[PDB]
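In the structure tokens that follow, the same protein chain appears in two forms, which are kept apart as structure 1 and structure 2.
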Structure 1
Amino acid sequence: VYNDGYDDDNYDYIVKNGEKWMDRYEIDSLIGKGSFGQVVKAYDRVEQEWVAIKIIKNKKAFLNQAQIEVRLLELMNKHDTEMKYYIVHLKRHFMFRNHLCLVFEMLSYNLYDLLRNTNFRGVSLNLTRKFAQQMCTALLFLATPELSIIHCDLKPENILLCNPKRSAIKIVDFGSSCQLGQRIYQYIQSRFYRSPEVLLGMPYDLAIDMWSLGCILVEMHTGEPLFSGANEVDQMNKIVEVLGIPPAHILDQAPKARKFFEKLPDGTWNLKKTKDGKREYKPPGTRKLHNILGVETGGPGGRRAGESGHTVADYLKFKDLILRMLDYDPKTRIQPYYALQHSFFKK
């Protein structure tokens, strides 16, 4: 009763292994799912290459958003620069059985799979650096004025390895993306990677991607999310544990400041008063990134003690860059061009 029997109750195409489409594509298997729909592995008989096909949900709101993704991908992939190869390449798109289908190059595991394969011990600081440099270069590409693209959903699952035994990466899923000034959503970003300005209901720009990247890089080395909030209130409190109360010049302009904070008569802000004798969070700023990263105690959990490429000086450089990426103020948060100049990247 859904799309003549081709769809499930969640607007998704019921993927059937081995099905051939349009005498060109042989569907092998479902490889990933998302809010957008599904991504399947398939062989293109015409070009004689394996491809990934993103099958968008047969629902107007999802189709229309995927149209934005198509426009931004074609705009990015057309751009004459070698920086465009940290973005996944959209080969072509078509409508099949009332589903928008986007054909991409086939890619390998994402950065979450990589973390799980180390049993959440985290990858080395050297590999984290390689991911960080590629991502900063990618964000520099997005920041080019003709593009001005905010990805809006950076997370480990959206950063994929080209090849499973190499460190080259590509960004995927521009389905939440927008260009600067063309922003159409207030509830965006995956929660663990959600910026303060988005939590505060404030206007946002490309700097929210730099916030997400800073969260991602800590997680890549420690194995666990830096701010693992269960909801927005919990998310903001976890940020405050590490970074303190946000500055008054931000909260004074934040529409949703009273969802998390309270303004005192002197004009300074504090967390909202908790009920009864309930202690749940560390006091503001006392959960130090210095200790989360184990800068002077052998890395995260002490698990890197004595290894090369994990010196105290290396960790201090890494911490400083992360703190520059996690600046509360979007106007002073480190920008991609300057991030690439940081001492953490020097040979």
Structure 2
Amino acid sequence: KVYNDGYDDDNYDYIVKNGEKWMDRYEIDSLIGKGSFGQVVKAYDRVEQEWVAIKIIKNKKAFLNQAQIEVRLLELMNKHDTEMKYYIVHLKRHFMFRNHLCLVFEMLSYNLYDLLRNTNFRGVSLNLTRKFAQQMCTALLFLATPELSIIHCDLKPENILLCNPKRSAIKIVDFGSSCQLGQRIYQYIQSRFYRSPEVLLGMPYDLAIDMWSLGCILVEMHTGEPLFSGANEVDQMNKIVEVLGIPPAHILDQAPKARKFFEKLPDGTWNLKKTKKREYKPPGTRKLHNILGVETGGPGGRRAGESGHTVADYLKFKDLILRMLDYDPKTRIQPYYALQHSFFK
């Protein structure tokens, strides 16, 4: 009849009540969002006298254990005293409350998907995109710190928050799906739209898969729409192929799940497999040049005449993206050099 002395529901979630005051410190205001992990609530820390976001993990061992991994990584990042640290959301502290693990983060406005929807999915400017791109690259540079070597493993608009409604700063959230560099354990990783080719092909992966995600995200930022919106993995790959063409032979020859998408011809070359529903342009004929509208006033021609949106500006943006969307994770551009690109001058 009751769960956790009546504090929980049948989904092991803590029943959030507005006005409730935790530990004579946190004044619960309202629910921010839900997730598999549990809930995130907006609360006022009367001690520090500031708003905070509390991530209330579900009262069950499986989610508790996963959250402790997140606490480990977040605390690990906190110990490294650099200024790049400030593009990761700050874990202030954590505590147990009524059998729930609670993580206290800084309070941020809204996520990057919310910003897109506010544009009615028409995107934001190349100028705002540049600011976001530089911070993300810096964030990825921080995660590439040898002692950290952290793969976020789930970069997407939803997991990128705006620091202030009137400022251009962003921060990355949700390191619950994250782990450090190591031997391959998991294979079905990342959100589909932003899933790297090496993951789709069932190959070994590293920190480069986050760079791939970033490339997808940045395009989506300026256009307002996902670059590769696959309804499944096969559709996802075919959308990727539409833009970038057939992946190199030296990659496909070593790909365990290559024949889920491709066909090895008698001459040793690879072609797409004939699927089913749906219809795709020939490989590489959906150019990023035309998606971005480099010479046609940007996405939908809505940036024509706008400053910071010349052909030269768009060419710099396109070039950086294509370096981020390299099929080869070993030659794919890295954070340190992404930041040195001409797009960021």
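If you superpose the two forms and keep the largest set of C-alpha atoms that fall within 1.5 Å, you have the rigid core. Numbers follow structure 1, counted from its first residue as 1.
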Inset, instruction - Please find the residue from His221, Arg194, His99, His151 showing a Cα shift of 2 angstroms or more between the two structures, rigid core superposed. - result: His99
Legend entry - Relative rotation of the two rigid parts between the two structures, taken as the smaller one's turn in degrees: 10
Legend entry - Cα shift between the two structures at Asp28, which is computed once both forms share a superposed rigid core (Å): 1.4
Legend entry - Cα shift between the two structures at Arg183, which is computed once both forms share a superposed rigid core (Å): 4.5
Inset, instruction - After lining up the core, report the Cα displacement of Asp8 between the two structures in Å, one decimal place. - result: 3.6
